[PDB]
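Next come the chains, spelled out residue by residue.
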Amino acid sequence: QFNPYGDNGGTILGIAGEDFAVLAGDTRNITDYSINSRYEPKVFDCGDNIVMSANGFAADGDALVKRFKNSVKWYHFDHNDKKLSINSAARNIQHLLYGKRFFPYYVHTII
Amino acid sequence: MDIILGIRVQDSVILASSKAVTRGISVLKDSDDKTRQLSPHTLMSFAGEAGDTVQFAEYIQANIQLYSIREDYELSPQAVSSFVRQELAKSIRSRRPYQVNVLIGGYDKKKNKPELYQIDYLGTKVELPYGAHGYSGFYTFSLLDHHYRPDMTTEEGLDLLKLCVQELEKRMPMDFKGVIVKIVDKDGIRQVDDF
Amino acid sequence: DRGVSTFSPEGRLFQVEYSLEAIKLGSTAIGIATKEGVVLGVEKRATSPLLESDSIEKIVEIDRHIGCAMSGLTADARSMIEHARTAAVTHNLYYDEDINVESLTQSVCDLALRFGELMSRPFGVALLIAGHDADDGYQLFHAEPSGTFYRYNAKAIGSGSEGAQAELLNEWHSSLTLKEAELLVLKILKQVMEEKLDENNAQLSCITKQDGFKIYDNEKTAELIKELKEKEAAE
Amino acid sequence: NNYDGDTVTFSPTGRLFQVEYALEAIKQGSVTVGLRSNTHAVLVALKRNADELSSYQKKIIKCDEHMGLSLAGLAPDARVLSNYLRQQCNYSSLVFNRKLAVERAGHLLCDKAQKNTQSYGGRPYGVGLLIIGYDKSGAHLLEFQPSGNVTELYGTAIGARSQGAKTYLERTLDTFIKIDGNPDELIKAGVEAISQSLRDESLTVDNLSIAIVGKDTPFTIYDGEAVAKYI
Amino acid sequence: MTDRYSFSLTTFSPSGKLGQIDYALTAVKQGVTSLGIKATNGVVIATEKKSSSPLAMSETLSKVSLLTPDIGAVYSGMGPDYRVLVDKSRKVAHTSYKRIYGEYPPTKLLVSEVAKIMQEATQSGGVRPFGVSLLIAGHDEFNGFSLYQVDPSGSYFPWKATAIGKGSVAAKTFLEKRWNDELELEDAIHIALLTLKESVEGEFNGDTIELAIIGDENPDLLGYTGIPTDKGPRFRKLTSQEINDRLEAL
Amino acid sequence: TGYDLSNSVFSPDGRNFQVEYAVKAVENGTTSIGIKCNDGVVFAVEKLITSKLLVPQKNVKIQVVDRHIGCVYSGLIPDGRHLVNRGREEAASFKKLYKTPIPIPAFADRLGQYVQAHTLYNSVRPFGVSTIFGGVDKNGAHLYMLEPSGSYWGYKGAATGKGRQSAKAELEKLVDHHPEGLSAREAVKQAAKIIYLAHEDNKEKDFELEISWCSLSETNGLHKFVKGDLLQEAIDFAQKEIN
Amino acid sequence: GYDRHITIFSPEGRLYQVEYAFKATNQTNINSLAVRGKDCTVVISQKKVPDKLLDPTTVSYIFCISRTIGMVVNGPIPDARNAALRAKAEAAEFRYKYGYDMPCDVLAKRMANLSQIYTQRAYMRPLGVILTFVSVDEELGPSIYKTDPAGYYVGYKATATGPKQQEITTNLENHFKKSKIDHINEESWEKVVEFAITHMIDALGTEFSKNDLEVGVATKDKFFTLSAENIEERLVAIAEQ
Amino acid sequence: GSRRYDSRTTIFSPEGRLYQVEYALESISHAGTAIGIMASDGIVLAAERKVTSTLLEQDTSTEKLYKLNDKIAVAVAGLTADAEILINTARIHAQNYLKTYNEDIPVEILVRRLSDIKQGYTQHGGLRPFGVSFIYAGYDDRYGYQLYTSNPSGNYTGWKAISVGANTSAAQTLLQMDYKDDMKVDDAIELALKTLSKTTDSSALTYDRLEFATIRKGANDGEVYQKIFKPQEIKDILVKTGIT
Amino acid sequence: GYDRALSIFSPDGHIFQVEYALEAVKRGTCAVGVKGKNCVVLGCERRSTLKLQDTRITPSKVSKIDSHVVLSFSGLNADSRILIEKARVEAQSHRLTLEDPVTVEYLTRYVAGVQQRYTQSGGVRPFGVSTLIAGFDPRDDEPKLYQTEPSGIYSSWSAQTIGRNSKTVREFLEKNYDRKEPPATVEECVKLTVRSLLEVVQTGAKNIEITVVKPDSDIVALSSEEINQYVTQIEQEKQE
Ligand SMILES: [Cl-]
C-alpha cells in the first residue's frame, strides 16, 4: 500500500523575549537512517516580520509554508498593503491546517 | 437509549420510556424524555444511537406538523406510522442510516380506537396490542402475554406497566433510572407525573 | 429585445445607468465623516400615516465598527447587507480582527456587476457605508451598482442629492465636531425633504471608535431637532 | 446601428460596435501615461474626483513585485483583469519559481479580453490598461485595449486628451529612453508628458499618482506627499 | 456552442390558436394521401409511393413501417419527421413496455407513447412540432384490432376508417359510403385500393402503392419453430405482386 | 431582410452574411503571405508602424504551433491568437495520443472544423481572420490558407489582407516562372519583395517586415524566425526591387 | 418574419431555412453524377481550380468515409468536411459497436436523421450540402444513397446533383429506358467510369481534360479515387472510340 | 443570440394579466363543453365530444373523461395531449400519496398539486402553459363529494355545479337556474344532459357525441363506484330523460 | 435552463414587471388588516360574480402559516399558494433549528425576501401578490400586522388594506383609526374592519370574510351569521 506520509526528522525551537523572538531549527534532513542533506533550511522569513517553521514531514511543511507565504501576499493585495499581525497570521494558519483536518499536514508548526 | 415500552388498552395507548442517558462510563442524565408529540393525538417514543434518535424524531415531528398546517387536519396514526416507516425504509439503504427504533402510540379520532405501531430502524412496521424495542421485550412480552386483555382500562394498563417496569428493574443489568409514562387517548396526550 | 450587459454608444452599461435613475427616485440619505465620528441620516418617507414609521429600516448595522444607510429600491439592499455582514464576520473568523472599511466596501461592490444572462439585473440601490478602522480612521464610502465606490468627507444620495451635495460643499470642514455634523445632517435633510422634518420621519445614526455603530433613539433625535431650530432662529 | 445590440454581431463593414463602444469608455476615462528607459519603467496617472468632498479614484494597481498597471475606463473591469494578472503572476511563481514575463502577461490579457468579444451574453471589458514591468529581458511597457490588442511600447498614454502626452513622448523618445539609473528624471519626463494632456486643472498633491518598477526597484506606488517632489 | 433555445417556439396567439400546430397540420395537408380501414378480422393501411425521381429505388423508401410484430404505421406529411418517430416508437415499445412486462404494448398504449413524444415537440424548448399525421393500425389480445390517427398536437383518435393528407376530404366521404361493421379483411383491402385510386394521378400498381395489413398470425414469417405460444407477426406488408392480383379484380 | 443580423442564418441566396462580414474585417487588416518552396514554407507579414513609440522587432505577429508549424493571419489579431491557442491544444492532443507530430493536412482540418463550428450557431461570432499556415511533415512541405467560413485549401502561394490582390499577382508570376520549384532562401527574398510591393495599398504609414520559415534543409524541418543578417539581406533585396 | 430565420413552420407549412440550405448546395457550381455497374459503383464530379495559386491536389469534394464507403458532396467545403468527419466517426463507431462494416444505406440514414434534427431543433442550422454515398455493399451489391438538408434520403439506380442536375438526370433516365436494367451492364469498373464521363459530356455539352474531372470508384471491399493520370487513361479510351 | 425569437410566455401585460394564460383560456373556450354537477348522494360528469364522424370508434374512445384513481375522475376541456401529460402526473401523485400514508389521496390535495404544476408554467421556465381546464369529480372521507375546476393559470375553486369549455356563460346560467342543494344523482344526470342539450352548437344531442360518468356512494355496502358510461348506456339515459 | 432577464430596468428607472405585478394586486379582491389593543383582525372580500360555489372546500383567503401567524393576500391566487407553502415550511424549519416559533416580523421578512428574489432572478417573473401577515410573537401580547408587495419591500401597519378599491378603504381607515386609542376589544376591531369593507363590497355578508387572531395561538374564523350581525348593526346605526 502507498503511504503518503514520511518523516524527515529535525527539531525546531521558538523562544519569546521582551522585545524580540527567536525561531531556531536544525538544518539536517533525513529519511530512515540516511542523511538527505546536512544543510536544508527549515525556518523561513515569511514577510511582515514573521518567521515560520513546519517541522515533521518536509513535503507537507514546504507546502504549508508556501501556502502561508502566499496568504501573506494576498493579504497585502486584498487589504491595502496592511501588515499581517502575528495573531492574525496564527488564526490564518489554523484555517490552513484545519482545511486538511481529514488528511492532515503532518507537521508541528511554530511561528 | 435503552427501554421503550408501549401498551394499547381499551380506550388509550400508554408509552413508557426510560429516563437514563448514559454515555460510556457515566450516567449524564436521569430525567430524559425519549418522546415527541407528532400531532395532538399521536405520540412517538424512540431509542437507538446517540444523536440519530432525536434528529430523526424532530425531523418526523416537523413533517407531521407541516402536514397539519397545510391541510388543517390531523393525519391518522396509521398514516403517520406509514410515513415514518417509509422514512426509515429509505434510510436503511443510505450512506449513513438512522439507527433509530420507534413506537408510535396514537388515538384515531375517526375510528375511536387506540393504535400502537412498532417500527425498527430497518423500517419493519407492525401494529400490536403491546410492544417493546431492544432487550426490554425479552422480559416484558412474556408478562404481557400472561396478563394482557384487550378490554383493560387505562388504570389496569398502568398497573400492568408497573409490573413490567418492576421486572425490568429486577432482572436488567443497566440502571435505566425509571420511566416517564404518557397516555394517548381521545382527549390527547398527558404525562403521568408519579410513577 | 437587447442584452442586459450591453454597452451604449457612449461607453456606458445601459442597465447600470438606468439603475442610477431608480436611485434618484429614492428617499434621501446623507453621510458626514469627521475626526470624532461619521454620522449617517436618512429620510424615512412613510407612504401613509397608518404605516408605523419605526419599522422603516433604512439605516443598518454591518458590524460594530461599520454602519450603512441606503437609498433607492431598498429591498435590493437586503442581500447586499447580508453579504457585508457575512464578509465582516467571516474575515474576523479567518484573521482575529476587525475588517477594514474599504475592504468591506470592496466586497459589497464585487457583487454589483455580477449580472447577465448570477442575478438578472444590477442592484437598484446606492449605499453609504460608514465605519472606523485603526489604519485609515473614520471613513465614509458611496457604493454604487456600477461596482465603483468613492470615499467621501460628506455625501448625499437619493432624490435631494444634488441640492444636498452643494450644501455639504459649503458646510463641511476638517474641524467639524460630531454634534455639529449631527445638526448639519438634520439641517440638510429638513431642506430637501417634502414633509416637515421630525423624529418620526427622519432617523440619525453614527459610528464612533468607543461606542461603535448606534442608531439614535427618536427621543435623542427629537432633542437635536429642537437644538437645530433654536440655533437657526438665533441669527 | 442594427449591428450593435451585442458583441457576437459583425456590422456589414466588418466592425464590432460593442467593442468600439467599450473602447469609447476608455476615452471618457482620466488620462494616464506610461514610459520606460532600459533600467526603469514608470506609470503616471491623473486621478479623477467626483467632487471636492470625494477622494480621487485610484488608477494604479500592483500585480506582483516586478509588475503592475494603470487603468482608464471602468474601474471594476480593471479590478477583474488585474486580479487575473495577479493570479497568473502568482501561478508562474508557485509552480515554476519564475517571475512572469511582461510580454506573456500581455498575451494572457489579450486572450481573456478576446473570449468576451466572440461569445453571446458577455460584454467586452470597458477599460484600457498600461502594464509596466521589469523581467529577465529588462524594462517593458504594454498597452492593453479591450478589443484584445496588446502592444509593447517605449511610451504611450490612454484616456481623455491622451493625444497631447503621446505626441510629447513621440518627440522625447530619444531623450527619455536614455534615462538609465536615474528614477527621478524618468518620473519627471512622465510628469512633463502627462502635463501635455491637462486643460484647466493642474497637478496637485492628491491629484497625481505615480508608480515605478526597475532593476533594483520593486513595483511601488507613490501618492500624496510622496509625489509633492515632482509637482 | 450553446443551446439557448430553452423557451417554447409554439405559443398561444391572441385568438387561442397554437400557430405552429396549425402550420404543421398545413404541411400534413400538402403531403401524399394515406388511409386506414378496419375490418372485423383485420386492419389495412395504405398510401401512394410518390417517387421523387424514376432513378430512385422507391422500394428502399418504406412509408409503411412495422413498429411491433402486431402494430404498423403509415403517415402523411414530412417523411424525415416520420422516420425518426418510427425509430423512437420502436424503441419506446421496448424500453417503456417490453423490458418491463415481457410482451409488446397494446396498440392504444404505443399510440399514447408516440402521442406523448409529439406533444412534447409542441411545448418543449427550442423545437417545432412534428410535421406529420400518423395512422397506426394494430392488434392486441384484449382490445382486438384497432386503428388510430395521431396529429402534430399529440392528439389521437380511434377510427373505423379514415384518410389523411392531400385528398382526405374526398377519401373520407368515399369510406363513409363503403364502410360497414361486417367487412372482411379482403373487402377492406378492395375498398382501400378503390379509395386510393381517386387521389393518385399517375401510375396505379403494386410498385407505386404501398399497402400493409394487420391480420392473422403468420407462423411462416416467424423464422423459428418450437414455441407454441409465439404464433408469428400479425403485421404483413403486401408484395408488389399481391397488390397487382387484387387490381385485376377491381 | 434581417438575414444578416444573426450568425448561422441562411439568406435566400444560401449565404451566411455574418461570415461574409467577417471577411470584411480580414480585408481591412494588414497584408500577410505564404510561399511554398522546394523543401518547406515561408511566411511573411506587414506590421504597420502606427507610431515611433512601437518597439522594433517586439510585437511579434507570426506564431508557432508545436515545433514544426507556422501560423500567420490578417484581420482581428486577438481572433487569430484564439485560433492558434486552439491549434496548439489540437496539436498537443494529437501528439499525446499518436506520438508523431501532427501532419499539416491533419492540423489544417483541426482548424477548419473549429472555424466552421463558429458558423453553426447564433450564440457565437465567426472568426475575423484568414490564417495562412503550414510546415514540414513526413510527406514534405504544405502551405494552407483558412477563411472565416472554415474553408481552406492547399496552396503554392497564399496571400490575404488589404494588399492581397497585389501579392496574389506577384505569387502567380513565381508559380509560372519557377515550375521546377523555388529554394527556401529564394522564397525568403521573394517574400520580402512581395510584402514590400503589397505595401503600396497601406502606403500612408511605414511598416516593419517580419519573416519566418520551415525548411527541411535550412531549419531541420522546424519553424524559425528569420533574424539578423538573413533578414537584412531579404530587406535589401526587397528595397532594391521596388527602386 | 422570424419564421424564415430559424427552423420553424411558416403559415404555408414550409421550413424556409431548409429551402435556403438547398440553395447553398449549388454555391460551388459543381455537377456530380453516380452510376452503378455489375461489380462497382462509380461517382464522378466536376473539378474547378480557378486560382493558379491553389494546390490542385487538395481541391476535392470526394471523401473516403470508410474502406467500403465513398461520399461525394454538393455544397460548400466547410459543411462538406463537417459532414465528412461525422460520417467517418459514425462509420468507425458502428464497426466497433456492432462488429461489421457500416452499410452505405445505413450511414445515409444516420446522416439523414442527423440532418432531420437540424430541421426540428432551432439552435442547429442545416448543413448546406447534399451527400451522395456510394459502395459495393456485401448484402445489397452496388449502392447509391443520397441525403439532403431536409433529412430526406433514398436509394438510386443512378443519380446526379448540382446546378445542371436535371440535364444529367434526363440523359441517364433515357439510357435506362433503352437498356431496361437498373445498372451499367459492364464487367470492368474502367468502362463504367468511361460511361459516366461520356454521359456527363453528352448531358453538359462540355469536353473535359484530366484536371477538369474527379472520379471515385467503389468495388467490393474498397473505395478509391482516381489520380489525374488514371482519368487521362479514361479520357484517351473515350476519344479513341 | 436566441433572445430574438423568445415569445416570453411568463410575463405580465401592462394591465397585470398573463398573456399566455388568457390566450390559453380563449383556446379552451372553443373546446367541447364539460359539465360537473354535485349531488348529496353522488357526482355527475357530462361532456360533449368535439369531432362527430360516423367512422370514429366511440366505445374504445376517450377524449373527455379520465380516471385518476378509484375515487377521483376528471373531465377535460382543451388540448387532450396536454391533459394526458397532467393526468399521468396526477395518477402518480395519487399513488405516491397512497404508498406514503397508506390512505387514498384527499381530493383537494391532488387538485392543489396539479394546479401548482400549471402555476409553475406561468411563472418560470419560459414554456407555454397547458391549454387545459379540468373538472375534478371526487370523493374522500373528510369532505365527501367534491367538485373542483382548475385552469391554465393554476387557480382552482370548489363547486356545487360547474361547466368548462364552450358556452360556459350560457351553461352556468342554466345550472344556476335549476340547481338545488337537496338534489339527487338521477336529477343531476337529467340537469347535466338538459344543459348540454341547450348549450350545444350541434343540431341535436346524441349518444355518439357524449361522454358521461357518475361517482356514487351507491355501491354495495357503503363503498364508492366510478361509472364511465358505455355508448349504449348513454343512449339509454338519453331516452330515459326524454331528449331523443 | 431558461435564464432570460424578465425583470429589468427601463430608461426612467422603473422595473415594469414589478409594477405590472402591482397591477395584478390592484385587480385582486380587497383585503384589509386592522390591529386592536389585544387582537388583529383580517378582513377579506369575496367577489359575488361566483355563486354556485362550494364554500366548505374553496381555498379560504386567510391562511395559517403557523398556529400563531396568518397570511391574507390580494392578487393572483395561484402565486399566493407558492408563498404560503414556502412560509409554512420556513415556519417549521425555524421551530426545528431555533426551538422557537417565528416572530411575525421574521416570517414577513422571509416572505418579502422570496418576493424580492423573483425580481432579480433569471427566467422568473415577480409574484403578482401583496400579502398582509398578522399575528403575535411567542409569549408576547403586542399585536403585529405587516404588509409585503411584489418588489419585496415590507413594513408594519397599524391598519392597512390591499387589492381593488384599496384606495377607498385606506381613506376610510386613515380618518377612522386612532393610534392613541385603537379598538380596545375584539368587537370594536371586527366592527371597524367590517365597516371599512362595507365601503367597497356593496353587498351583505356573503362577500365579507373575517378572521380574528388573538395572543397565544388563538385564531378563529367568523361564520356568515356572526358577520351578518355586524353588518346589521352598522347599517342600523348609519340610518340616523
Ligand atoms: Cl439515428
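In terms of determination method and resolution, the entry is listed under X-ray crystallography at 3.00 Å.

K.L.:
I'd like a rundown of the overall build of chain G, residues and numbers included.
P.N.:
Helix and strand counts for chain G come out as six helices and ten strands. Taking 2.2 N^0.38 as the reference for a compact globule, 241 residues should give roughly 18 Å; the C-alpha atoms of chain G span a radius of gyration of 18 Å, in line with that estimate. Put simply, chain G has 241 residues, and 60% of those count as buried. The contacts in chain G between residues at least 6 apart in sequence include a share of 64% that link residues at least 24 apart. Total accessible area on chain G is roughly 10100 Å²; 46% of this is exposed by carbon and sulfur atoms.

K.L.:
Could you give me a rundown of the arrangement of the chains, with the residues and numbers involved?
P.N.:
Contacts are most numerous between chains H and I, taken over all 19 pairs of chains that touch. At their nearest point, the C-alpha atoms of chain A and chain B are still 18 Å apart, with no contact between the two. The two partners chain A and chain I share no contact, and the minimum distance between any of their C-alpha atoms is 26 Å.

K.L.:
Which residues make up the pattern of salt bridges, and what values go with them?
P.N.:
Per the counting criterion, the structure on display carries 93 salt bridges over all chains. A salt bridge links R14 of chain G to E19 of chain G, with the nearest nitrogen and oxygen atoms 2.7 Å apart. Note on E19 of chain G: relative accessible area 29%, which makes it partly exposed. What you see here is one network of salt bridges that share partners, running through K82 of chain A together with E97 and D135 of chain C.

K.L.:
Hey, could you go over the packing of helix 2 (residues 77-98) of chain G against helix 3 (residues 104-120) of chain G for me, with residue numbers and the actual values?
P.N.:
Residue and element names in this part refer to chain G. One can describe the packing of helix 2 onto helix 3 by two numbers: an axis separation of 10 Å at closest approach and a directional angle of 125 degrees. Overall, the two elements helix 2 and helix 3 adopt an arrangement that is oblique. For helix 2 against helix 3, the interelement crossing comes out right-handed. Contacts between helix 2 and helix 3 involve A83, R86, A87, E90 and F94 from the first element and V106, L107, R110, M111, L114 and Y118 from the second. Looking at the contact of helix 2 with helix 3 residue by residue, the class counts come to eight nonpolar, no polar and three charged.

K.L.:
Just give me the short version of the packing of aromatic side chains, but keep the residues and values in it.
P.N.:
Going through the model one piece at a time under the given rule, you end up with 49 aromatic pairs over all chains. Ring centres 4.9 Å apart and planes at 65 degrees place the aromatic pair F94 of chain F and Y98 of chain F in the edge-to-face group. With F94 of chain F and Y98 of chain F both in helix 2 (residues 77-98), this residue pair falls four residues apart, about one helical turn. The rings of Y5 and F7 of chain E, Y2 of chain G, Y5 of chain H together with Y2 of chain I are connected pair by pair, giving a single aromatic cluster. In this structure, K220 of chain C packs its charged tip against the face of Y216 of chain C, placed 3.8 Å from the ring centre.

K.L.:
Describe helix 4 (residues 162-176) of chain D, and please don't skip the residues or the numbers.
P.N.:
Residues and elements named next belong to chain D. Between the first and last C-alpha of helix 4 there are merely 18 Å, a value that for 15 residues lags more than 12% behind the 21 Å anticipated at 1.5 Å per step. Regarding helix 4, the residues found buried are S162, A165, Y168, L169, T172, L173 and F176. Taken together, the buried residues of helix 4 touch strand 1 (32-36), strand 8 (155-158) and helix 5 (183-194).

K.L.:
Quick one: what's the story with the sheet that holds strand 5 (residues 127-135) of chain D, residue by residue and with numbers?
P.N.:
Residues and elements named next belong to chain D. Ordered in space as 3-4-5-6-7, the five strands form an open sheet in which the pairing is antiparallel. Taken across any chain shown, the strands that pair with only one partner, and hence form the sheet edges, are strand 3 (60-64) and strand 7 (150-152). Here the average twist between neighbouring strands, direction ignored, is 20 degrees. In terms of strand pairing, strand 5 meets strand 6 (residues 138-144) through seven bridges, oriented antiparallel. Looking across to strand 6, one finds that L129 is bridged to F144.

K.L.:
Tell me what's going on with the sheet that holds strand 2 (residues 38-43) of chain C, and back it up with residues and numbers.
P.N.:
Residue and element names in this part refer to chain C. Ordered by their spatial adjacency, five strands build an open sheet running 8-1-2-9-10, and the pairing between neighbours is antiparallel. Strands at the two margins of the open sheet, each flanked by one partner only, are strand 8 (154-157) and strand 10 (212-215). Sheet twist, expressed as the average angle between the axes of neighbouring strands with direction ignored, equals 10 degrees. Pairing analysis gives five bridges linking strand 1 (residues 29-33) to strand 2, with the strands arranged antiparallel. Residue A29 lies in a different strand from strand 2, and its bridge partner there is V42. Contacts from helix 4 (residues 161-171) reach strand 1 and strand 8, with the element oriented near 165 degrees to strand 8.

K.L.:
Just give me the short version of the environment of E27 of chain F, but keep the residues and values in it.
P.N.:
All names here are of chain F. Positionally, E27 belongs in helix 1 (residues 17-28). Sequence spacing of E27 and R164 is 137 residues, and the spatial spacing of their C-alpha atoms is 8.3 Å. What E27 contacts, discounting residues up to four positions off in sequence, is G161, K162 and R164.

K.L.:
Describe the interface of chain H and chain B, and please don't skip the residues or the numbers.
P.N.:
Between chain H and chain B, the contact holds ten residues from the first and 13 residues from the second. Roughly 1100 Å² of surface becomes buried between chain H and chain B when both sides are summed, with 42% attributable to carbon and sulfur atoms. A per-residue breakdown of the area chain H buries against chain B is headed by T100, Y101 and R142 of chain H, which together make up 50% of the total. One salt bridge connects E71 of chain B with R112 of chain H, and the closest N-O pair in it is separated by 2.9 Å. There are eight residue pairs in polar contact connecting chain H and chain B. Broken down by element, the residue count for the side of chain H that touches chain B peaks at four residues, all from helix 2 (residues 80-101) of chain H. Partitioning the side of chain H that touches chain B into residue classes produces three nonpolar, two polar and five charged.

K.L.:
Explain a positive patch on the surface to me, and be specific about the residues and the numbers.
P.N.:
Residues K88, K91 and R99 of chain E together with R121 of chain G make up a contiguous surface patch of positive charge. Relative to the helices and strands, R99 of chain E resides in helix 2 (residues 79-101). Given the relative accessible area of 67%, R99 of chain E is considered exposed.

K.L.:
Pulling in residues and values, what's your account of unusual backbone geometry?
P.N.:
Residues and elements named next belong to chain I. For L52, which is not a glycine, the phi torsion comes out positive at approximately 70 degrees. Mapping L52 onto the fold places it in the loop between strand 2 (40-45) and strand 3 (63-64). On the basis of relative accessible area, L52 is assigned to the buried category, the value being 14%. If you check the backbone angles, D216 has positive phi at about 65 degrees while not being a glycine. Mapped onto the elements of the fold, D216 is located in the loop between strand 9 (208-214) and strand 10 (218-221).

K.L.:
Talk me through a nonpolar patch on the surface; I want residue IDs and the actual numbers.
P.N.:
Residue and element names in this part refer to chain A. A contiguous nonpolar surface patch, about 380 Å² in accessible area, is contributed by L13, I15, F20 and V22. In this structure, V22 sits in strand 2 (residues 21-25). Classification of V22 as partly exposed rests on a relative accessible area of 42%.

K.L.:
So what about the nonpolar core? Which residues, and what values?
P.N.:
Proteins that are soluble and globular tend to have nonpolar side chains buried together. Grouped together as the largest cluster of nonpolar side chains are 77 residues, with contacts concentrated most on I33, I35, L171 and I211 of chain F together with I65 and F133 of chain G. Take this core: its biggest share by element is nine residues, from helix 5 (residues 184-198) of chain F. Excluding residues within four positions of it along the chain, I211 of chain F makes contact with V42, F43, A44, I62, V188, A192, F225, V226, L231 and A234 of chain F. In terms of nonpolar packing, the next biggest core, distinct from the first, is built from 46 residues, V31, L43, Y168 and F176 of chain D among them.

K.L.:
Talk me through the packing of helix 2 (residues 77-98) of chain I against helix 3 (residues 104-117) of chain I; I want residue IDs and the actual numbers.
P.N.:
Residue and element names in this part refer to chain I. At a minimum axis separation of 10 Å, helix 2 and helix 3 run at an interaxial angle of 135 degrees. Considering their axes alone, helix 2 and helix 3 lie oblique with respect to each other. Seen from above, helix 2 lies across helix 3 with right-handed handedness. Contact with helix 2, carried on its side by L83, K86, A87, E90 and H94, involves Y106, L107, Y110, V111, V114 and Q115 of helix 3 and no other residues of that element. Here the residues of the contact of helix 2 with helix 3 sort into seven nonpolar, two polar and two charged.

K.L.:
Give me the lowdown on the interface of chain H and chain I, citing residues and values where you can.
P.N.:
Taken together, the contacts link 41 residues of chain H with 31 residues of chain I. Counting each side, the surface lost to burial between chain H and chain I is near 3000 Å², with a carbon and sulfur contribution of 55%. Inspection of the region where chain H meets chain I yields 17 residue pairs in polar contact. Elements represented by at least two residues in the side of chain H that touches chain I include exactly helix 3 (107-123), strand 6 (144-150), strand 7 (156-159) and helix 4 (168-178) of chain H.

K.L.:
Which residues make up the pairing of strand 2 (residues 40-48) of chain F, and what values go with them?
P.N.:
All names here are of chain F. Among the nine residues that make up strand 2, eight are buried, leaving the element largely enclosed by the rest of the structure. Relative to strand 2, strand 1 (residues 32-36) runs antiparallel, the two being bridged by five bridges. Opposite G34, over in strand 2, you have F43 as the bridge partner. Linkage of strand 1 to strand 2, two consecutive antiparallel strands, is achieved through a turn of three residues. Across nine bridges, strand 2 lies against strand 9 (residues 207-215) in antiparallel orientation. What sits directly across from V45, in strand 9, is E210.

Thresholds applied
- Residues numbered from 1 in each chain as written, not as in the entry; some residues may be left out.
- Chains lettered and ligands numbered in written order.
- Part of a larger assembly, values for the part shown.
- Heavy atoms only, no water.
- Helix = DSSP H or I, 4+ residues; strand = E, 2+ residues; numbered from the N terminus.
- Rg over C-alpha atoms; globule rule 2.2 N^0.38 Å.
- Buried < 20%, exposed > 50% of the residue type's maximum accessible area, 1.4 Å probe, protein only.
- Contact = heavy atoms within 4.5 Å.
- Areas by Shrake-Rupley, 256 points an atom, 1.4 Å probe, with all protein chains shown as cover.
- Salt bridge = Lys/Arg side-chain N within 4 Å of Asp/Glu carboxyl O.
- Axes fitted to C-alpha atoms, helices over the stretch in contact; angles between N-to-C directions.
- Parallel < 35°, antiparallel > 145°, perpendicular 65-115°, else oblique.
- Left-handed = near helix turned anticlockwise from the far one by under 90°.
- Nonpolar A, V, L, I, M, F, W, Y, C, P; charged D, E, K, R; others polar.
- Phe/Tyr/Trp six-rings, centres within 6.5 Å; stacked < 30°, edge-to-face > 60°.
- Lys NZ or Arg CZ within 6 Å of the ring centre and 35° of its normal.
- Expected span 1.5 Å × (residues − 1).
- Pairing = 2+ DSSP bridges.
- Buried area = accessible area lost by both parts, 1.4 Å probe.
- Polar contact = N/O pair within 3.5 Å; in protein donor to acceptor, adjacent residues only side chain to side chain.
- Patch = residues over 30% accessible without salt bridge, like charges linked within 9 Å, V, L, I, M, F, W, Y side chains within 5 Å.
- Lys, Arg positive; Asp, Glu negative; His and termini not counted.
- Charge placed at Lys NZ, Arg CZ, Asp CG, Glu CD.
- Core = buried A, V, L, I, M, F, W, Y, C linked by side-chain atoms within 4.5 Å.

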